[PDB]
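A.B. asks: Protein chains in written order, with the authors' numbering: chain A, 2 to 181; chain B, 2 to 181; chain E, 2 to 278; chain O, 2 to 278; chain P, 2 to 278; chain F, 2 to 278.
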Amino acid sequence: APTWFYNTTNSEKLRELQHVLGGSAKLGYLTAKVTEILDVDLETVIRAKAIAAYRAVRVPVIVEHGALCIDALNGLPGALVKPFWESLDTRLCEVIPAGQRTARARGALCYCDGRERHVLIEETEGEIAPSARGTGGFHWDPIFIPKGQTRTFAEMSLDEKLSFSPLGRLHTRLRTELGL
Amino acid sequence: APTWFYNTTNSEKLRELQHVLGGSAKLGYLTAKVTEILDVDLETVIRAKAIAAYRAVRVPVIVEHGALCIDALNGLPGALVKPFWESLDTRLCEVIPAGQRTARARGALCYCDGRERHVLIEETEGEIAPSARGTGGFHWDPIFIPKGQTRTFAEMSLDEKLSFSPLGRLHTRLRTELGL
Amino acid sequence: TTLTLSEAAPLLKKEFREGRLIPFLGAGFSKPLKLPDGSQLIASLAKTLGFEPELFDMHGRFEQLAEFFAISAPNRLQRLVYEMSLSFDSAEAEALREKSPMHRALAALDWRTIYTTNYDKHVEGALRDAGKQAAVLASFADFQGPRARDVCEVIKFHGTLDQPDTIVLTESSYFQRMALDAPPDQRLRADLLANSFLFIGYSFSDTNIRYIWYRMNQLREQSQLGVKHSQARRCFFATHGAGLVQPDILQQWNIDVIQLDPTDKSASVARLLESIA
Amino acid sequence: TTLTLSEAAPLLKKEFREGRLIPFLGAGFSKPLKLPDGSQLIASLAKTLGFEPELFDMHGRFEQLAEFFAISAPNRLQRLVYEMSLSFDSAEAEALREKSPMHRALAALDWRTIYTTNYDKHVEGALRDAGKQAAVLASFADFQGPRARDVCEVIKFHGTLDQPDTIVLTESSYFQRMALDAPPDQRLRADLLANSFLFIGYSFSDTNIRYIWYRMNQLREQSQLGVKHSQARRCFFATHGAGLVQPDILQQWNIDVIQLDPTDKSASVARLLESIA
Amino acid sequence: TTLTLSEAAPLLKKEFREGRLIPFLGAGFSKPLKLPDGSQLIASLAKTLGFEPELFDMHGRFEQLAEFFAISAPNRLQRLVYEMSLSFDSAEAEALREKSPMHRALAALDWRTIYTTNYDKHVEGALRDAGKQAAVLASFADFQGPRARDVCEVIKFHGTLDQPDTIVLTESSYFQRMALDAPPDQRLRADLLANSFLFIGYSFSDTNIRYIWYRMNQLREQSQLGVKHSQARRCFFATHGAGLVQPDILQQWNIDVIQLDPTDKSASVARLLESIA
Amino acid sequence: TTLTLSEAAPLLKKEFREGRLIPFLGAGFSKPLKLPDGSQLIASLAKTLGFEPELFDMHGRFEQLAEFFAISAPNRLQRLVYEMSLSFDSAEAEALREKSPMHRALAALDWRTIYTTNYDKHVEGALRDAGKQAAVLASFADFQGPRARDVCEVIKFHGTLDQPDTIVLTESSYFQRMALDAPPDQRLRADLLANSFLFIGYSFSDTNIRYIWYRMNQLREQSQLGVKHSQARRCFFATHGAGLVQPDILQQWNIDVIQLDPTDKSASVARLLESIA
């Protein structure tokens, strides 16, 4: 029987997690729907999802949230990844000016056993792409290019993305802290 | 004693309301803090504030919400007026391209007696200003110019703004429907 | 302070071999049957009174909104019991009850007494699907009727839909059942002296089963007030999310909390009932 | 002394154009819905009391056997009302009600008041299938509720299955409805002063509708005891087998018998209701 | 729930010593007199109207066929009352009444009030054969006439053949006696307050005495609606075949069923009336 | 079905002139005193057990978290009662109590009995500020002590902070006060026979005062079970947001809801208490 339960609702975030932490016998998987807080700060959102998800499942839970922060939009989308994705899918590469393209992709995990929350945050500095390129990802992976490469996240494979994406360094940190 | 109670938290929305509907003996004023739903659609937000505000005060309540919809941002900010105002005060006139400036200012009232909600929506078509001009308004009134004028909302007086602003035509409709 | 599936399996088996284990089934036991909520049913009946369905739900709890029908429009309360009988006991709910592993694992055991708090017939009908006989006990006329000793007695603790005057659904009816004077309550007063209880399908925020959990403990302590204090049989409460504070409270009410696997709700309850066999 | 289909069609049309025709629908109107008998249902409930089903039917009429459940085993009488509500108002009975030409021809007319004596919901539900609004009137709380003047009022003369305390099915309940003190009875006392009635779906050997046929005539004659005797509107009774003695008795009770074609029962009633249009 | 002969004998004797037992005699009491049926008499009168006797009986009950003579050929209804008076009160019926043990055992007791529903004179004539005086009470002029207190008052509940306008034989006359407004009905309203009744000579499928059995119980309960509920005197119904469901219904109508020996019908009634002495 | 300020003012004045009005004061009456929540106090004590304050509040209600201290760390529960006594009865809370218009308008009237459910001393201390004498009644030793008849008796319904063993704050202590066996409960049993109650400072979602509202109505109806039903004095509940369904429920519990002005909470309660004078 597991000890920690990862709660997610996106079907592709689950497939990338189980590619990395799928063999661990002490990680379970739940799909409880919790009411998403909306805020620009990633530290605020991920710390409030852990209360909202512990109330739903009442087991030691792990939650996840992402953020895209563009310097042309002065920190927006931020942790508002739901209302921009429901309005600008990948047309968000058009609505920002073409002179300054730099942005930062950020991710956060928070695990809560009921007594205390612990937040892990990674971050990748990159720059937004001129047009949407690629299929293999979720939410903005066709329009984000990390610093150093010429290639987007969705143009990469799954092993290539998790060596650059923020959610790849978090899942290695989550393995060693929880002993998964 | 009043019959309908207008619930608001902004201190300048209250001062404009009482300039118009201040003499009515059957309108009270409440400042209960309710949890703001965040969504792009104005019809969704104002219809969910009326449930959230009736739960707080339990009297026949009137709520209010505004929206700014820019065509360059494809409907954004929308009814997300809180997270953009906490990030782009009036620098939002810079982050959109300078070729296409058109936008629509929208407002909505919803009154709920406990049995049924009724939504009133007005709308003003205009275009965003190149720089923030004016002091007399709230939330985006220095950077919005209506169609026809050369002058922003915050550059206008209070009587001039309420003959152009969406919240001015709503308060005249609210008087005749509720008999205030 | 929380048992697992494998730890609680020899504890439940020891109570069952000597015939001292009684299930106490809640609304979560009828969850795989895909029944309507009842709060959705009472909201759609409020359209005739001028309420929007999301607005009528705002004015109180479900038993409080049923109190409103009991005093202001009594023909809509009888309409509510009518269309729950068409919905909770429909032919579609029977077909899901045939293939439900929770209801098959319940009927695979030779119980003597089964308690339930839900109004539908799917606790007895699980026993009829296994070829076993069941006796419904809800009113005074049910206890007076004759039956054999082999038949499992299923006591409807809050009434049955075929006897609409036994339904405990109005808020005032929940308050007057706190005195424990109903015929299901008087049967509970004698069964707590000898038996251990297996509570399945409740939440910690119910506030009605919590009074019953308190009052059972008070009646055990009152039954040994003059004699020396002897140790009683432990009761059990199967949960998918136990929390961190509530299992310690339940332990002082003679109830041990069993943590079931929360990934599949229906399968983990079925593995609990099959470990008793 | 018996009207045919073509002879009674201008007589019924004249009463309908001035809004003075009220249908009075019996158990034969729900015949195409393929409902259970009720006497078959009460016989299968007697197996728990030790009766064979053909032997329990021997000991009296259906209302007399329901009297036996009302006094010796009251939980089986509530079981009978329960499983009639599952059977008479099932989804299979609604699907036959969609395609029934009797129920379509009834709902094609703008009635003001429809009386019925059967417990099922298929008189109102025929009006809901035609996009029309209907108001069920069975208890005192139904009359007190508000409604528009356009809505056809369907008075359940012997109760409705969603209000189980209004059901007139026990023999003692039939005897106390002979005093005419129920809210459907008080509405009938005022409607016989102004309206003509169309009785559809009864037999001559019913002995309950015969008392109602007598008592309506007595209340018409009592309402003109001091004034000069004026001529009243004729009532009507549609039959497939009229006989030879019974239509002469009914004529003195202000009721004219209409002979319908007995080859197809459902079609000849539908041709009667379409000739009114 | 059925008394025998020896069990009901001290119960009937206790009511008779204090003068609170009234016989209520039916058509089965005139069975040993070998009278014509009346349904045979009404069928032979239908030959003049073109009916075969087996075909005229097909079209309804006896009171319904007498309704047909009351409205279509009134001279044949008066012919029916005429030739029942020649047949039911003939000299051959008096000679069988001399030797009948039922009529001798009835007249051996000093009754105060005897009710009967049959039209013939053989209830009073049994008392005249024992040297006792009887007073026939059928119309308003009979009650107004003077008499002594020693004389047993025999109330003809459905009229007498010597007063043909008091005969209750038409179906409409049976329906208007359900309101209880006749002078025999008003006497029954006061006698049920103080007396117990002995019903002899009826069947369970009569449907006219069943309304009287219901309405007597309703008038006893209505007479103690504001005061505390006191226990009333039990009524009695002597039967040769009691059945299995009908005696339980009669017990709630304050009537205890007495099973008599069905081998000889006339002897077992005579042993009942002699056990009262 | 909701009274206003001017409508309820002659109703409260009529009860007060004849000395039959008792205030029943809740936690909302101590709202202008700026006291700590208690849920904030119990969360900061959970830091020593390893809980974050927002995480410890997640695991249940306030009385349920106090149940956890009563059984797992009893020295922290006594710490909670200790630092509520330093906070609820501080010198800063007394200074706000001097200038509070709610507490001045309460003490301007000559009450005979005042009930309160909050633990602080500010109900009696309002009477001491007006130069009046008050008698605290919480334990058995308080009732046994002598006092004059002029002194207003303030009954602490859930205990007082100077008698820490009288505090009703643990969840198990709330459940055992539902039996009504405490000395404040026995005083309430006699005062509901003669008095009307003014409930000030509660919410409709309290679920503890709702049981008290139910149980007072049940004890009034039980006190007139054999005699004729007479009309009782109406109780009152002052509210700032009444809602739409809950005032109809409260009317059947002999309680009329008074809508106060929600713009200023403290002023509208003060205008209510001054209209009684």
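Where is the CB? At the ideal position from N, CA and C, for every residue including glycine.
Interface residues of chain F around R59(B) at Cβ under 7 Å?
C.D. replies: Residues of chain F with a Cβ closer than 7 Å to the Cβ of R59(B) are, in chain order, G242, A243, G244.
A.B. asks: Does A53(B) come within less than 8 Å of chain F when only Cβ atoms are used?
C.D. replies: Interface flag for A53(B) against chain F is unset, since no Cβ pair is found closer than 8 Å.
A.B. asks: So is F57(O) buried or exposed if we call it buried at 16+ other beta carbons inside 10 Å?
C.D. replies: buried
A.B. asks: Would you kindly work out how many angstroms separate the C-alpha atoms of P147(A) and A106(A), rounded to a whole number?
C.D. replies: 9 Å
A.B. asks: Start and end of the beta strand (DSSP E) containing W254(F)?
C.D. replies: That residue, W254(F), is in no beta strand (DSSP E); it is neither H nor E in DSSP.
A.B. asks: Around the C-beta of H230(O), are 16 or more other C-beta atoms found within 10 angstroms, so that it is buried, or is it exposed?
C.D. replies: exposed
A.B. asks: Got a sec? Which residues, its chain only, sit under 6 Å from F198(O) by beta carbon, not counting five neighbours each side?
C.D. replies: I23, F25, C236
A.B. asks: Cα separation between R188(F) and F144(F)?
C.D. replies: 10 Å
A.B. asks: What's the call for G138(A), buried or exposed, on a 16-neighbour Cβ count within 10 Å?
C.D. replies: buried
A.B. asks: Would you kindly report the start and end of the unbroken alpha helix (DSSP H) that includes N76(E)?
C.D. replies: It spans 75 to 89 - the alpha helix (DSSP H) in which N76(E) sits, taken as one unbroken run.
A.B. asks: Helix, strand or coil for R98(O)? Go by DSSP, reduced to three states.
C.D. replies: helix
A.B. asks: Exposed or buried, which one is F141(P) when buried takes at least 16 other CB atoms within 10 Å?
C.D. replies: exposed
A.B. asks: Going by alpha carbons, who is nearest to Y116(F) out of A243(F), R150(F), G27(F)?
C.D. replies: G27(F)
A.B. asks: Could you tell me the boundaries of the beta strand (DSSP E) in which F165(B) lies?
C.D. replies: Unbroken run through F165(B): none, as it is neither H nor E.
A.B. asks: Reducing DSSP to helix, strand and coil, say where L194(F) ends up.
C.D. replies: coil
A.B. asks: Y30(A) versus chain E: which residues are under 8 Å apart at the beta carbon?
C.D. replies: Within 8 Å Cβ-Cβ: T264.
A.B. asks: Short of 7 Å in beta carbon distance, which residues of its chain neighbour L194(E), apart from the five on each side in sequence? Order them along the chain.
C.D. replies: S224
A.B. asks: Are the beta-carbon atoms belonging to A136(F) and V155(F) less than 8 Å from one another?
C.D. replies: yes
A.B. asks: Listed from N- to C-terminal order along the chain, which residues in the region 96 to 119 of chain A have their beta-carbon within a distance smaller than 9 Å of any beta-carbon of chain E?
C.D. replies: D114, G115, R116
A.B. asks: Give a yes or no on contact between the region 121 to 140 of chain F and the region 28 to 48 of chain F, applying the rule of three or more CB pairs nearer than 8 Å.
C.D. replies: yes
A.B. asks: DSSP puts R105(B) in a beta bridge; with which residues?
C.D. replies: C70(B), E126(B)
A.B. asks: Is it buried or exposed for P147(P), if we count other Cβ within 10 angstroms and need 16 for buried?
C.D. replies: Exposed, because fewer than 16 other Cβ atoms sit within 10 Å of the Cβ of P147(P).
A.B. asks: Can at least three beta-carbon pairs, one atom from the region 68 to 77 of chain A and one from the region 84 to 102 of chain B, be found at a separation below 8 Å?
C.D. replies: yes
A.B. asks: Spatial neighbours of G67(B) within its chain, please: CB distance less than 6 Å, with the 5 preceding and 5 following residues excluded, ordered by chain position.
C.D. replies: Hits under 6 Å: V82, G108.
A.B. asks: With H, G and I counted as helix, E and B as strand and the rest as coil, what does DSSP make of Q145(F)?
C.D. replies: Three-state result, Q145(F): helix.
A.B. asks: Does DSSP put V21(A) in a helix, in a strand, or in coil?
C.D. replies: helix
A.B. asks: Which residue marks the beginning of the beta strand (DSSP E) containing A54(B), and which one marks its end?
C.D. replies: Careful: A54(B) lies outside any beta strand (DSSP E), inside the alpha helix (DSSP H) at 43 to 58.
A.B. asks: Residues in the same chain with beta-carbon distance under 7 Å from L261(P), minus the five sequence neighbours each way, listed in chain order, please.
C.D. replies: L6, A239, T240, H241, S269, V270, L273
A.B. asks: Are the CB atoms of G126(F) and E95(F) nearer to each other than 8 Å?
C.D. replies: yes
A.B. asks: Evaluate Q247(F) with the Cβ neighbour count: other Cβ atoms within 10 Å of its Cβ, from every protein chain shown; 16 or more gives buried, anything less gives exposed.
C.D. replies: buried
A.B. asks: If you reduce the DSSP assignment to three classes, tell me which class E53(F) lands in.
C.D. replies: coil
A.B. asks: What residue does the alpha helix (DSSP H) around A10(O) start on, and which one ends it?
C.D. replies: 6 to 18
A.B. asks: Tell me which same chain residues have a C-beta within less than 8 Å of the C-beta of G20(P), skipping the five on either side of it?
C.D. replies: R113
A.B. asks: At a CB-CB cut-off below 9 Å, which residues of chain A make contact with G51(F)?
C.D. replies: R116, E117
A.B. asks: Against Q253(F), what residues of chain E qualify as contacts under a CB-to-CB distance less than 7 Å, listed in chain order?
C.D. replies: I72
A.B. asks: Quick check: what's the CA-CA separation for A9(E) versus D163(O)?
C.D. replies: Just so you know, the alpha carbons of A9(E) and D163(O) end up roughly 45 Å apart.
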